[PDB]
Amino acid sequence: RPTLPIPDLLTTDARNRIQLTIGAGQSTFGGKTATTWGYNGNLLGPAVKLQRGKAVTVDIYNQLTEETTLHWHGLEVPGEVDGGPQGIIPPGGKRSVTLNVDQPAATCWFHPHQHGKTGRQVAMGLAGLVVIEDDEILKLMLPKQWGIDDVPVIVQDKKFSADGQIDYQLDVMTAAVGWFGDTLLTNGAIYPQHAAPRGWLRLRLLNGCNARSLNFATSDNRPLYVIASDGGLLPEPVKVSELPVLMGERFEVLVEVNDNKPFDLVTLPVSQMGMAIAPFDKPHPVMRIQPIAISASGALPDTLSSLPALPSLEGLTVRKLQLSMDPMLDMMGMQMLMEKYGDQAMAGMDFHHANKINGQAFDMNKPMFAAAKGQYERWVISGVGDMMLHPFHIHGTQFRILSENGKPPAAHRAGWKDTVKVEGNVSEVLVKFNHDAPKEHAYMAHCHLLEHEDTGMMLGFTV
């Protein structure tokens, strides 16, 4: 197996700047070359390293031949630098943003947010990571050797055509159920191996799929100890044997590594339309962990951080967000899925403006409301009325889940999150926006099943 590719850990240079170049290149998958897009390279991107309380300026050079944007997913930053669909970078052009990091340590990420084309641009290869550090986390003595015992794991599926090229399409079927493929990539590689020292191995997991939810486990059922979610550390580790991860979510886990026993990280079949078609009808390897018989230094702390109480709900503004899909899209898309793949597509269970929030397909020129600045609000998001999975992402914040799809959140999902599951039921989150977003650079709230976002399931809001 190839070694697990490790994204470069990109820190500020001598001028306090970071340079990112967006461009087209080539990669090889299964011995066949494909055109791919990357940040500072051919595919995917680096891990931008930030410190809480320190400003960095990022210079972003778009060397593609089409318009793009760069969204810092999970970052609590003003709308002007949030990189939603209004954050246009012309082809051949450059935009610079200053990030004033004002949140605790976390693994965030970055990716395009081009109006109507986010799915395609992510599918072509664009995604990178953000590693935010603070004083608190560094005192913990967690595994911290990047690319050795502290490793990012960006898991993505792709569909390829017979010629080896990426086969992306936004059509009636994918507008309904998402773009998904039969090939799983781990930091861009097919089933790579990672050599890790004996002791604890820290994995920063990102589901970077357009539409496919994942469920991580190990091949011998050794536990995963969840230490962090989208917005940073949990108060204490949460031991799990399976870890569902929705599109765009991150979790950091520690797993034990010992000398005479290699094992795989795997993903288990999920109950989501289209996602259990072979080879995903069975557990699927993600990467092989190869023990190297030298002792690692990292620890699993009993206590990771302090998690504040949920604030009082009394008197908070409640905003209702009803997700919906045009019944015609729902029917036609499901029918196309069934016709192509048959019953296995349901195991365990103009389209361009057919997905909606509050009866409205995304209109970039009309923010749906103004949210308060510096005040907790209660947002209620419903997927009642269809059977699709909607991981709902709200920009400009890290929130607390009060209820997730009609149930209290699982312990490892009860900390800081920027995504919440919505699937045929109702979720409620406690959100606060500390930064401005004017109408010209509004925050987005949207489904992170990218083809839903691209066909209308998004709203803009100002702060």
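Sequential numbering from 1, following the sequence displayed. Throughout, rigid core stands for the largest set of C-alpha atoms superposing within 1.5 Å between the two forms.
*Asks:* Fitting on the rigid core only, I'd like to know which of the two stretches, 354-362 or 306-314, ends up farther away in Cα terms in 7 other deposited structures of this protein.
*Replies:* Between the two stretches, 306-314 moves farther in 7 other deposited structures of this protein.
*Asks:* Line up the rigid core: which moves more in 7 other deposited structures of this protein, 315-323 or 294-302, by C-alpha RMS?
*Replies:* Between 315-323 and 294-302, the one lying farther away in 7 other deposited structures of this protein is 294-302.
*Asks:* Missing residues between residue 349 and residue 350 in the deposited sequence, please: none, 1 to 3, 4 to 9, or 10 or more.
*Replies:* Count of unmodelled residues in between: 10 or more.
*Asks:* Can you tell me which stretch has the higher mean Cα B-factor, 109-117 or 354-362?
*Replies:* Mean CA B-factor is higher for 354-362.
*Asks:* According to the deposited model, is the average Cα temperature factor higher in 326-334 or in 187-195?
*Replies:* Averaging CA B-factors over each stretch, the winner is 326-334.
*Asks:* For the listed 38, 396, 46, 406, which has the peak Cα B-factor recorded in the PDB entry?
*Replies:* When the deposited C-alpha B-factors of 38, 396, 46, 406 are compared, 406 is largest.
*Asks:* Looking at 212, 139, 202, 73, which has the highest CA B-factor as recorded?
*Replies:* Across 212, 139, 202, 73, the entry lists the biggest C-alpha B-factor for 139.
*Asks:* What third of the chain does residue 51 rank in for C-alpha temperature factor, lowest, middle or highest?
*Replies:* Answer is highest: the recorded C-alpha B-factor places it there.
*Asks:* Of the three thirds of its chain by CA temperature factor, lowest, middle or highest, which one includes residue 144?
*Replies:* Highest third of the chain for residue 144's C-alpha B-factor.
*Asks:* Where does the C-alpha B-factor of residue 391 rank in its chain, lowest, middle or highest third?
*Replies:* Its C-alpha B-factor belongs to the lowest third of this chain's values.
*Asks:* What third of its chain's C-alpha B-factors does residue 151 belong to: lowest, middle or highest?
*Replies:* For residue 151, the deposited C-alpha B-factor lands in the middle third.
*Asks:* For the chain shown, is the CA B-factor of residue 250 in the lowest, middle or highest third of its modelled residues?
*Replies:* For residue 250, whose C-alpha B-factor we compare with every modelled residue in the chain, the answer is the lowest third.
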